[PDB]
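Working notes, beginning with the structure itself.
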2 protein chains.
Amino acid sequence: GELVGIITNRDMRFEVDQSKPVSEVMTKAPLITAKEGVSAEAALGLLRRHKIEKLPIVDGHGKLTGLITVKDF
Amino acid sequence: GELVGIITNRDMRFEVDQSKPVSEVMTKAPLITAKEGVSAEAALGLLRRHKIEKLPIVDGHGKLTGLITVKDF
Ligand SMILES: Nc1ncnc2c1ncn2[C@@H]1O[C@H](COP(=O)(O)OP(=O)(O)OP(=O)(O)O)[C@@H](O)[C@H]1O
Ligand SMILES: Nc1ncnc2c1ncn2[C@@H]1O[C@H](COP(=O)(O)OP(=O)(O)OP(=O)(O)O)[C@@H](O)[C@H]1O
Ligand SMILES: [Mg+2]
Ligand SMILES: [Mg+2]
Ligand SMILES: [Mg+2]
């Protein structure tokens with residue numbers, strides 16, 4: 001359950017081989033992540049500062065728990 | 001005319017004080033740029049290498065000449 005990467009449209013927009021494994025093209029860890037229970041304003045600040053769109057939210061061990069984005073609102 | 005930066009949707013997406021100048025909310029030089037007459041596949045390779053949707057095409061002096069984007073490809 002520990003995070004090892006992330007994949008988005010910018011990571012695979014023009015990739016030719018659809019057989020490419022996730023580990024081959026994913027954005028390698030470490031990444032910009034927050035802890036469980038992180039405040040919404042802190043998440044917005046991280047999103048604006050790092051200009052990443054999908055911010056993962058991690059537990060106190062390294063296993064992913066959630067993802068923060070205002071689009072649900 | 002010296003290309004000193006670039007401002008895209010992400011920089012200005014969630015800014016509140018819209019009265020701020022561009023230089024305060026722009027990505028400053030040096031940018032990821034290519035020479036005039038750069039090959040299409042070379043430009044695509046650079047775009048995927050930096051995973052950025054804008055590529056300024058500049059003269060050797062650094063004067064802006066053109067704007068390649070990822071959605072054209
Ligand atoms: N939280 C993060 N920390 C670090 N890098 C990230 C994070 N989220 C995404 N990235 C990386 O940033 C790059 C762009 O991801 P982003 O989420 O901005 O793309 P997207 O949502 O698909 O955007 P677009 O609509 O422009 O395609 C990719 O290389 C991706 O792996
Ligand atoms: N040539 C470049 N070199 C370096 N950084 C750049 C370059 N062009 C744009 N940037 C910056 O890289 C970031 C991402 O660029 P990109 O063009 O993917 O964003 P965008 O098109 O506004 O994104 P979206 O479509 O997801 O809203 C922005 O902060 C932008 O200012
Ligand atoms: Mg996007
Ligand atoms: Mg765009
Ligand atoms: Mg886009």
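Naming works like this for the structure tokens: A, B, ... for the chains as they're shown, residue 1 at the start of each chain, ligands 1 onward in shown order.
The chain A residues that come within 9 Å of chain B are residues 10, 11, 12, 13, 14, 48 and 51 of chain A, with only C-alpha atoms taken into account.
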Go ahead and write the selection's residues with N, CA, C and O atoms as a PDB file, in the first residue's frame.
```
ATOM      1  N   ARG A  10      -0.020  13.986 -18.764  1.00  0.00           N
ATOM      2  CA  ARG A  10       1.273  14.469 -19.236  1.00  0.00           C
ATOM      3  C   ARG A  10       2.332  13.373 -19.249  1.00  0.00           C
ATOM      4  O   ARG A  10       3.350  13.523 -19.932  1.00  0.00           O
ATOM      5  N   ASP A  11       2.121  12.283 -18.510  1.00  0.00           N
ATOM      6  CA  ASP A  11       3.089  11.193 -18.467  1.00  0.00           C
ATOM      7  C   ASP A  11       2.926  10.202 -19.613  1.00  0.00           C
ATOM      8  O   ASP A  11       3.875   9.474 -19.920  1.00  0.00           O
ATOM      9  N   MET A  12       1.749  10.148 -20.246  1.00  0.00           N
ATOM     10  CA  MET A  12       1.484   9.132 -21.259  1.00  0.00           C
ATOM     11  C   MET A  12       0.717   9.658 -22.470  1.00  0.00           C
ATOM     12  O   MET A  12       0.056   8.870 -23.158  1.00  0.00           O
ATOM     13  N   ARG A  13       0.783  10.961 -22.755  1.00  0.00           N
ATOM     14  CA  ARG A  13      -0.052  11.527 -23.812  1.00  0.00           C
ATOM     15  C   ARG A  13       0.306  10.970 -25.188  1.00  0.00           C
ATOM     16  O   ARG A  13      -0.586  10.631 -25.975  1.00  0.00           O
ATOM     17  N   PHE A  14       1.598  10.861 -25.500  1.00  0.00           N
ATOM     18  CA  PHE A  14       2.035  10.414 -26.819  1.00  0.00           C
ATOM     19  C   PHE A  14       2.727   9.059 -26.806  1.00  0.00           C
ATOM     20  O   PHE A  14       3.268   8.651 -27.840  1.00  0.00           O
ATOM     21  N   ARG A  48      -0.953  25.345  -5.373  1.00  0.00           N
ATOM     22  CA  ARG A  48      -0.542  26.562  -6.069  1.00  0.00           C
ATOM     23  C   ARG A  48       0.976  26.686  -6.118  1.00  0.00           C
ATOM     24  O   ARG A  48       1.538  27.108  -7.136  1.00  0.00           O
ATOM     25  N   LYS A  51       2.298  23.721  -8.352  1.00  0.00           N
ATOM     26  CA  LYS A  51       1.557  23.665  -9.610  1.00  0.00           C
ATOM     27  C   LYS A  51       1.223  22.244 -10.056  1.00  0.00           C
ATOM     28  O   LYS A  51       0.809  22.043 -11.204  1.00  0.00           O
TER      29      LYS A  51
END
```
All Cα atoms, paired in order, least squares: that's the fit I need for chain A onto chain B, output as a JSON list (two decimals) with N, CA, C and O atoms, in the first residue's frame.
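To be explicit, this is the file written out as part22.json:
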```json
[["chain", "number", "residue", "atom", "x", "y", "z"],
["A", 1, "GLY", "N", 12.11, 42.42, -27.17],
["A", 1, "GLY", "CA", 11.63, 41.17, -27.70],
["A", 1, "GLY", "C", 12.23, 39.94, -27.06],
["A", 1, "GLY", "O", 11.78, 38.82, -27.35],
["A", 2, "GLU", "N", 13.24, 40.10, -26.21],
["A", 2, "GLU", "CA", 13.84, 38.98, -25.51],
["A", 2, "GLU", "C", 12.87, 38.40, -24.49],
["A", 2, "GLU", "O", 12.10, 39.12, -23.85],
["A", 3, "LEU", "N", 12.93, 37.08, -24.32],
["A", 3, "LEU", "CA", 12.05, 36.39, -23.38],
["A", 3, "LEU", "C", 12.40, 36.77, -21.95],
["A", 3, "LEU", "O", 13.58, 36.89, -21.59],
["A", 4, "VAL", "N", 11.38, 36.96, -21.12],
["A", 4, "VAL", "CA", 11.61, 37.20, -19.70],
["A", 4, "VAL", "C", 10.76, 36.28, -18.83],
["A", 4, "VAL", "O", 10.99, 36.18, -17.62],
["A", 5, "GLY", "N", 9.77, 35.61, -19.41],
["A", 5, "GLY", "CA", 8.98, 34.69, -18.61],
["A", 5, "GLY", "C", 7.90, 34.00, -19.41],
["A", 5, "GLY", "O", 7.87, 34.06, -20.64],
["A", 6, "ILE", "N", 7.01, 33.33, -18.68],
["A", 6, "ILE", "CA", 5.83, 32.70, -19.27],
["A", 6, "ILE", "C", 4.78, 32.56, -18.18],
["A", 6, "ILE", "O", 5.10, 32.38, -17.00],
["A", 7, "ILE", "N", 3.51, 32.67, -18.57],
["A", 7, "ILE", "CA", 2.38, 32.56, -17.66],
["A", 7, "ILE", "C", 1.39, 31.54, -18.21],
["A", 7, "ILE", "O", 1.10, 31.54, -19.41],
["A", 8, "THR", "N", 0.88, 30.68, -17.33],
["A", 8, "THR", "CA", -0.03, 29.61, -17.72],
["A", 8, "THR", "C", -1.11, 29.50, -16.65],
["A", 8, "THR", "O", -1.16, 30.28, -15.69],
["A", 9, "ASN", "N", -2.00, 28.52, -16.83],
["A", 9, "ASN", "CA", -3.10, 28.33, -15.89],
["A", 9, "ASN", "C", -2.59, 27.94, -14.51],
["A", 9, "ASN", "O", -3.10, 28.42, -13.49],
["A", 10, "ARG", "N", -1.57, 27.08, -14.46],
["A", 10, "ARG", "CA", -1.01, 26.67, -13.18],
["A", 10, "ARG", "C", -0.35, 27.82, -12.43],
["A", 10, "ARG", "O", -0.15, 27.71, -11.21],
["A", 11, "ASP", "N", 0.01, 28.90, -13.12],
["A", 11, "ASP", "CA", 0.66, 30.04, -12.48],
["A", 11, "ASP", "C", -0.33, 31.01, -11.85],
["A", 11, "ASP", "O", 0.06, 31.79, -10.98],
["A", 12, "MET", "N", -1.60, 31.00, -12.29],
["A", 12, "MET", "CA", -2.56, 32.00, -11.82],
["A", 12, "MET", "C", -3.95, 31.42, -11.54],
["A", 12, "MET", "O", -4.93, 32.17, -11.58],
["A", 13, "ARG", "N", -4.06, 30.12, -11.25],
["A", 13, "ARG", "CA", -5.38, 29.51, -11.13],
["A", 13, "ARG", "C", -6.17, 30.08, -9.95],
["A", 13, "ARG", "O", -7.36, 30.36, -10.07],
["A", 14, "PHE", "N", -5.52, 30.25, -8.79],
["A", 14, "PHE", "CA", -6.21, 30.71, -7.59],
["A", 14, "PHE", "C", -5.78, 32.10, -7.14],
["A", 14, "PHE", "O", -6.19, 32.53, -6.05],
["A", 15, "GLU", "N", -4.98, 32.81, -7.93],
["A", 15, "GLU", "CA", -4.50, 34.11, -7.49],
["A", 15, "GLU", "C", -5.67, 35.05, -7.23],
["A", 15, "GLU", "O", -6.61, 35.13, -8.02],
["A", 16, "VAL", "N", -5.61, 35.75, -6.10],
["A", 16, "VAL", "CA", -6.75, 36.55, -5.65],
["A", 16, "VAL", "C", -6.72, 37.93, -6.30],
["A", 16, "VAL", "O", -7.73, 38.40, -6.84],
["A", 17, "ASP", "N", -5.57, 38.60, -6.27],
["A", 17, "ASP", "CA", -5.46, 39.96, -6.79],
["A", 17, "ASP", "C", -5.25, 39.89, -8.29],
["A", 17, "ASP", "O", -4.19, 39.48, -8.77],
["A", 18, "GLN", "N", -6.27, 40.30, -9.05],
["A", 18, "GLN", "CA", -6.14, 40.39, -10.50],
["A", 18, "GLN", "C", -5.21, 41.52, -10.92],
["A", 18, "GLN", "O", -4.81, 41.56, -12.09],
["A", 19, "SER", "N", -4.86, 42.42, -10.01],
["A", 19, "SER", "CA", -3.92, 43.50, -10.30],
["A", 19, "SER", "C", -2.47, 43.04, -10.24],
["A", 19, "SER", "O", -1.57, 43.84, -10.51],
["A", 20, "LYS", "N", -2.22, 41.78, -9.89],
["A", 20, "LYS", "CA", -0.87, 41.26, -9.81],
["A", 20, "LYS", "C", -0.16, 41.40, -11.15],
["A", 20, "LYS", "O", -0.68, 40.90, -12.16],
["A", 21, "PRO", "N", 0.99, 42.06, -11.21],
["A", 21, "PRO", "CA", 1.68, 42.22, -12.49],
["A", 21, "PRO", "C", 2.23, 40.89, -12.99],
["A", 21, "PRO", "O", 2.45, 39.94, -12.23],
["A", 22, "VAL", "N", 2.44, 40.84, -14.30],
["A", 22, "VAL", "CA", 2.94, 39.62, -14.93],
["A", 22, "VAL", "C", 4.31, 39.26, -14.37],
["A", 22, "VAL", "O", 4.59, 38.09, -14.08],
["A", 23, "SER", "N", 5.18, 40.26, -14.21],
["A", 23, "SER", "CA", 6.52, 40.00, -13.67],
["A", 23, "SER", "C", 6.45, 39.39, -12.27],
["A", 23, "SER", "O", 7.38, 38.67, -11.87],
["A", 24, "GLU", "N", 5.38, 39.66, -11.53],
["A", 24, "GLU", "CA", 5.30, 39.18, -10.15],
["A", 24, "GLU", "C", 5.04, 37.68, -10.08],
["A", 24, "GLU", "O", 5.50, 37.02, -9.14],
["A", 25, "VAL", "N", 4.32, 37.12, -11.05],
["A", 25, "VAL", "CA", 3.86, 35.74, -10.96],
["A", 25, "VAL", "C", 4.35, 34.88, -12.12],
["A", 25, "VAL", "O", 4.15, 33.66, -12.08],
["A", 26, "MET", "N", 4.99, 35.46, -13.13],
["A", 26, "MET", "CA", 5.47, 34.69, -14.27],
["A", 26, "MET", "C", 6.60, 33.76, -13.85],
["A", 26, "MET", "O", 7.30, 33.99, -12.86],
["A", 27, "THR", "N", 6.77, 32.69, -14.62],
["A", 27, "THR", "CA", 7.87, 31.76, -14.39],
["A", 27, "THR", "C", 9.16, 32.40, -14.89],
["A", 27, "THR", "O", 9.31, 32.66, -16.09],
["A", 28, "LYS", "N", 10.08, 32.65, -13.97],
["A", 28, "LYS", "CA", 11.24, 33.49, -14.26],
["A", 28, "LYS", "C", 12.20, 32.80, -15.22],
["A", 28, "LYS", "O", 12.39, 31.58, -15.17],
["A", 29, "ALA", "N", 12.81, 33.60, -16.10],
["A", 29, "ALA", "CA", 13.85, 33.09, -16.98],
["A", 29, "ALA", "C", 15.10, 32.75, -16.17],
["A", 29, "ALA", "O", 15.35, 33.35, -15.12],
["A", 30, "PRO", "N", 15.91, 31.78, -16.63],
["A", 30, "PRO", "CA", 15.82, 31.01, -17.89],
["A", 30, "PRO", "C", 14.71, 29.97, -17.90],
["A", 30, "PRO", "O", 14.17, 29.61, -16.86],
["A", 31, "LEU", "N", 14.35, 29.48, -19.08],
["A", 31, "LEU", "CA", 13.29, 28.50, -19.24],
["A", 31, "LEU", "C", 13.75, 27.44, -20.23],
["A", 31, "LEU", "O", 14.81, 27.55, -20.85],
["A", 32, "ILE", "N", 12.93, 26.40, -20.38],
["A", 32, "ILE", "CA", 13.19, 25.35, -21.36],
["A", 32, "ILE", "C", 12.75, 25.88, -22.72],
["A", 32, "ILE", "O", 11.55, 26.04, -22.98],
["A", 33, "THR", "N", 13.71, 26.17, -23.59],
["A", 33, "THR", "CA", 13.43, 26.78, -24.89],
["A", 33, "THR", "C", 14.23, 26.07, -25.97],
["A", 33, "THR", "O", 15.23, 25.41, -25.70],
["A", 34, "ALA", "N", 13.76, 26.22, -27.21],
["A", 34, "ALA", "CA", 14.42, 25.67, -28.38],
["A", 34, "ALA", "C", 14.74, 26.79, -29.36],
["A", 34, "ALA", "O", 14.28, 27.93, -29.22],
["A", 35, "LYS", "N", 15.57, 26.47, -30.35],
["A", 35, "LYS", "CA", 16.01, 27.45, -31.33],
["A", 35, "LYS", "C", 15.11, 27.44, -32.56],
["A", 35, "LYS", "O", 14.35, 26.51, -32.80],
["A", 36, "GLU", "N", 15.21, 28.52, -33.34],
["A", 36, "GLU", "CA", 14.46, 28.61, -34.59],
["A", 36, "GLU", "C", 14.85, 27.47, -35.53],
["A", 36, "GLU", "O", 16.02, 27.14, -35.68],
["A", 37, "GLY", "N", 13.84, 26.88, -36.17],
["A", 37, "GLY", "CA", 14.08, 25.76, -37.04],
["A", 37, "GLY", "C", 14.29, 24.43, -36.35],
["A", 37, "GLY", "O", 14.80, 23.50, -36.97],
["A", 38, "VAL", "N", 13.93, 24.33, -35.07],
["A", 38, "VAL", "CA", 14.07, 23.07, -34.35],
["A", 38, "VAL", "C", 13.11, 22.04, -34.93],
["A", 38, "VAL", "O", 11.97, 22.36, -35.29],
["A", 39, "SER", "N", 13.57, 20.80, -35.04],
["A", 39, "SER", "CA", 12.76, 19.74, -35.63],
["A", 39, "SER", "C", 11.57, 19.41, -34.74],
["A", 39, "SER", "O", 11.60, 19.58, -33.52],
["A", 40, "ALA", "N", 10.49, 18.95, -35.38],
["A", 40, "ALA", "CA", 9.28, 18.61, -34.65],
["A", 40, "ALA", "C", 9.50, 17.45, -33.69],
["A", 40, "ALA", "O", 8.98, 17.46, -32.57],
["A", 41, "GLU", "N", 10.27, 16.44, -34.10],
["A", 41, "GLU", "CA", 10.55, 15.31, -33.22],
["A", 41, "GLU", "C", 11.37, 15.74, -32.01],
["A", 41, "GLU", "O", 11.14, 15.25, -30.90],
["A", 42, "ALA", "N", 12.33, 16.65, -32.21],
["A", 42, "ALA", "CA", 13.09, 17.17, -31.08],
["A", 42, "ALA", "C", 12.18, 17.93, -30.11],
["A", 42, "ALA", "O", 12.33, 17.81, -28.89],
["A", 43, "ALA", "N", 11.24, 18.71, -30.65],
["A", 43, "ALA", "CA", 10.30, 19.42, -29.79],
["A", 43, "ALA", "C", 9.42, 18.46, -29.01],
["A", 43, "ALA", "O", 9.17, 18.67, -27.82],
["A", 44, "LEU", "N", 8.96, 17.39, -29.66],
["A", 44, "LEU", "CA", 8.16, 16.38, -28.96],
["A", 44, "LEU", "C", 8.97, 15.71, -27.86],
["A", 44, "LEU", "O", 8.47, 15.45, -26.76],
["A", 45, "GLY", "N", 10.25, 15.42, -28.14],
["A", 45, "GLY", "CA", 11.11, 14.84, -27.13],
["A", 45, "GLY", "C", 11.30, 15.76, -25.94],
["A", 45, "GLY", "O", 11.26, 15.32, -24.79],
["A", 46, "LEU", "N", 11.50, 17.05, -26.20],
["A", 46, "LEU", "CA", 11.61, 18.02, -25.11],
["A", 46, "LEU", "C", 10.32, 18.08, -24.30],
["A", 46, "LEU", "O", 10.35, 18.12, -23.06],
["A", 47, "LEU", "N", 9.17, 18.09, -24.99],
["A", 47, "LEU", "CA", 7.89, 18.17, -24.30],
["A", 47, "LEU", "C", 7.65, 16.96, -23.41],
["A", 47, "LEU", "O", 7.10, 17.08, -22.31],
["A", 48, "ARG", "N", 8.05, 15.77, -23.88],
["A", 48, "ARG", "CA", 7.87, 14.58, -23.06],
["A", 48, "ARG", "C", 8.87, 14.53, -21.92],
["A", 48, "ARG", "O", 8.53, 14.13, -20.80],
["A", 49, "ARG", "N", 10.12, 14.93, -22.18],
["A", 49, "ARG", "CA", 11.16, 14.87, -21.16],
["A", 49, "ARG", "C", 10.89, 15.83, -20.01],
["A", 49, "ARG", "O", 10.91, 15.45, -18.84],
["A", 50, "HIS", "N", 10.61, 17.09, -20.34],
["A", 50, "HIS", "CA", 10.40, 18.12, -19.33],
["A", 50, "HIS", "C", 8.95, 18.23, -18.87],
["A", 50, "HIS", "O", 8.68, 18.94, -17.89],
["A", 51, "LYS", "N", 8.02, 17.55, -19.53],
["A", 51, "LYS", "CA", 6.59, 17.56, -19.21],
["A", 51, "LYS", "C", 5.98, 18.96, -19.20],
["A", 51, "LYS", "O", 4.85, 19.13, -18.73],
["A", 52, "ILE", "N", 6.70, 19.96, -19.71],
["A", 52, "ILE", "CA", 6.08, 21.25, -19.99],
["A", 52, "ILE", "C", 5.19, 21.11, -21.22],
["A", 52, "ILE", "O", 5.47, 20.32, -22.13],
["A", 53, "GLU", "N", 4.08, 21.86, -21.23],
["A", 53, "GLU", "CA", 3.14, 21.75, -22.34],
["A", 53, "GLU", "C", 3.39, 22.72, -23.48],
["A", 53, "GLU", "O", 3.22, 22.36, -24.64],
["A", 54, "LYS", "N", 3.78, 23.96, -23.18],
["A", 54, "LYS", "CA", 4.00, 24.98, -24.20],
["A", 54, "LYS", "C", 5.49, 25.30, -24.28],
["A", 54, "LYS", "O", 6.04, 25.94, -23.37],
["A", 55, "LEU", "N", 6.14, 24.86, -25.36],
["A", 55, "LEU", "CA", 7.57, 25.04, -25.52],
["A", 55, "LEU", "C", 7.85, 26.27, -26.38],
["A", 55, "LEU", "O", 7.48, 26.29, -27.57],
["A", 56, "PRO", "N", 8.50, 27.30, -25.83],
["A", 56, "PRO", "CA", 8.87, 28.46, -26.65],
["A", 56, "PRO", "C", 9.99, 28.12, -27.62],
["A", 56, "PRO", "O", 10.83, 27.25, -27.37],
["A", 57, "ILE", "N", 10.01, 28.84, -28.74],
["A", 57, "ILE", "CA", 11.02, 28.68, -29.78],
["A", 57, "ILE", "C", 11.68, 30.03, -29.99],
["A", 57, "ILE", "O", 11.00, 31.01, -30.33],
["A", 58, "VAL", "N", 13.00, 30.08, -29.82],
["A", 58, "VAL", "CA", 13.74, 31.32, -29.72],
["A", 58, "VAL", "C", 14.64, 31.47, -30.94],
["A", 58, "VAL", "O", 15.01, 30.50, -31.61],
["A", 59, "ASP", "N", 14.99, 32.72, -31.25],
["A", 59, "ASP", "CA", 15.91, 33.04, -32.33],
["A", 59, "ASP", "C", 17.34, 32.80, -31.87],
["A", 59, "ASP", "O", 17.59, 32.19, -30.82],
["A", 60, "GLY", "N", 18.31, 33.28, -32.64],
["A", 60, "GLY", "CA", 19.70, 33.11, -32.29],
["A", 60, "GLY", "C", 20.25, 34.19, -31.38],
["A", 60, "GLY", "O", 21.47, 34.26, -31.19],
["A", 61, "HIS", "N", 19.40, 35.03, -30.82],
["A", 61, "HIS", "CA", 19.80, 36.12, -29.94],
["A", 61, "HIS", "C", 19.19, 36.02, -28.56],
["A", 61, "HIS", "O", 19.84, 36.36, -27.57],
["A", 62, "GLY", "N", 17.94, 35.56, -28.46],
["A", 62, "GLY", "CA", 17.25, 35.48, -27.19],
["A", 62, "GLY", "C", 15.84, 36.03, -27.28],
["A", 62, "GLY", "O", 15.10, 36.04, -26.29],
["A", 63, "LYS", "N", 15.46, 36.50, -28.46],
["A", 63, "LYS", "CA", 14.13, 37.05, -28.70],
["A", 63, "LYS", "C", 13.19, 35.94, -29.17],
["A", 63, "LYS", "O", 13.54, 35.15, -30.05],
["A", 64, "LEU", "N", 12.01, 35.87, -28.56],
["A", 64, "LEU", "CA", 11.06, 34.82, -28.90],
["A", 64, "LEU", "C", 10.59, 34.94, -30.34],
["A", 64, "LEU", "O", 10.36, 36.04, -30.85],
["A", 65, "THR", "N", 10.45, 33.79, -31.00],
["A", 65, "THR", "CA", 9.94, 33.71, -32.36],
["A", 65, "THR", "C", 8.66, 32.90, -32.47],
["A", 65, "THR", "O", 7.73, 33.32, -33.16],
["A", 66, "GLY", "N", 8.58, 31.75, -31.80],
["A", 66, "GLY", "CA", 7.40, 30.91, -31.92],
["A", 66, "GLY", "C", 7.09, 30.08, -30.70],
["A", 66, "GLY", "O", 7.70, 30.25, -29.64],
["A", 67, "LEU", "N", 6.13, 29.16, -30.83],
["A", 67, "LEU", "CA", 5.80, 28.22, -29.77],
["A", 67, "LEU", "C", 5.31, 26.94, -30.42],
["A", 67, "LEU", "O", 4.51, 26.99, -31.37],
["A", 68, "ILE", "N", 5.77, 25.80, -29.92],
["A", 68, "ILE", "CA", 5.50, 24.51, -30.56],
["A", 68, "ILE", "C", 4.50, 23.72, -29.72],
["A", 68, "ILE", "O", 4.71, 23.51, -28.52],
["A", 69, "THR", "N", 3.41, 23.29, -30.36],
["A", 69, "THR", "CA", 2.46, 22.37, -29.77],
["A", 69, "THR", "C", 1.68, 21.70, -30.90],
["A", 69, "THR", "O", 1.36, 22.34, -31.90],
["A", 70, "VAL", "N", 1.38, 20.41, -30.72],
["A", 70, "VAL", "CA", 0.72, 19.63, -31.77],
["A", 70, "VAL", "C", -0.76, 19.92, -31.87],
["A", 70, "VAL", "O", -1.42, 19.42, -32.80],
["A", 71, "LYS", "N", -1.32, 20.71, -30.95],
["A", 71, "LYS", "CA", -2.76, 20.96, -30.95],
["A", 71, "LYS", "C", -3.23, 21.64, -32.23],
["A", 71, "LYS", "O", -4.38, 21.46, -32.63],
["A", 72, "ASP", "N", -2.36, 22.42, -32.87],
["A", 72, "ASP", "CA", -2.72, 23.01, -34.16],
["A", 72, "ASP", "C", -3.02, 21.92, -35.18],
["A", 72, "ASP", "O", -3.97, 22.04, -35.97],
["A", 73, "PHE", "N", -2.22, 20.85, -35.19],
["A", 73, "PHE", "CA", -2.56, 19.66, -35.96],
["A", 73, "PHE", "C", -3.85, 19.03, -35.44],
["A", 73, "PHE", "O", -4.69, 18.58, -36.23]]
```
* Using DSSP on the backbone coordinates, identify all residues within chain A classified as strand (DSSP E or B); present the result as a PyMOL selection string. => chain A and resi 2+34-35+55-58+63-68
N, CA, C and O atoms of the current selection, written as a compact mmCIF listing (two decimals), in the first residue's frame:
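Contents of the output file out27.txt:
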```
# COMPACT_ATOMS: atom_id res chain seq x y z
N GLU A 2 2.13 1.18 0.16
CA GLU A 2 2.99 2.35 0.12
C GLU A 2 3.05 2.92 -1.30
O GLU A 2 3.02 2.20 -2.29
N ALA A 34 1.03 15.03 1.14
CA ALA A 34 0.59 15.56 2.42
C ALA A 34 0.16 14.42 3.33
O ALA A 34 0.00 13.28 2.90
N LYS A 35 -0.02 14.74 4.60
CA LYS A 35 -0.39 13.75 5.60
C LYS A 35 -1.90 13.68 5.78
O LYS A 35 -2.64 14.58 5.38
N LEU A 55 -2.87 16.14 -5.71
CA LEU A 55 -2.00 16.01 -4.55
C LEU A 55 -2.37 14.77 -3.75
O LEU A 55 -3.49 14.70 -3.22
N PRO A 56 -1.48 13.79 -3.64
CA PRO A 56 -1.76 12.62 -2.81
C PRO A 56 -1.73 12.97 -1.33
O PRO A 56 -1.02 13.88 -0.90
N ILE A 57 -2.50 12.22 -0.55
CA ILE A 57 -2.58 12.38 0.90
C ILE A 57 -2.22 11.05 1.53
O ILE A 57 -2.88 10.03 1.27
N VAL A 58 -1.20 11.06 2.38
CA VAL A 58 -0.55 9.85 2.86
C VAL A 58 -0.83 9.69 4.36
O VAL A 58 -1.11 10.66 5.07
N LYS A 63 1.80 4.79 3.30
CA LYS A 63 0.75 4.18 2.49
C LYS A 63 -0.28 5.24 2.11
O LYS A 63 -0.73 6.00 2.97
N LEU A 64 -0.65 5.27 0.83
CA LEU A 64 -1.59 6.28 0.36
C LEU A 64 -2.96 6.09 1.00
O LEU A 64 -3.43 4.96 1.19
N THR A 65 -3.60 7.20 1.34
CA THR A 65 -4.95 7.22 1.90
C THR A 65 -5.94 7.98 1.03
O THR A 65 -7.05 7.50 0.82
N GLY A 66 -5.56 9.15 0.51
CA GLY A 66 -6.49 9.93 -0.28
C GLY A 66 -5.86 10.79 -1.35
O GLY A 66 -4.66 10.68 -1.62
N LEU A 67 -6.65 11.67 -1.96
CA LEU A 67 -6.15 12.63 -2.94
C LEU A 67 -7.03 13.87 -2.86
O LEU A 67 -8.26 13.75 -2.80
N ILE A 68 -6.41 15.04 -2.87
CA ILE A 68 -7.12 16.30 -2.64
C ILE A 68 -7.23 17.07 -3.95
O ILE A 68 -6.22 17.33 -4.61
```
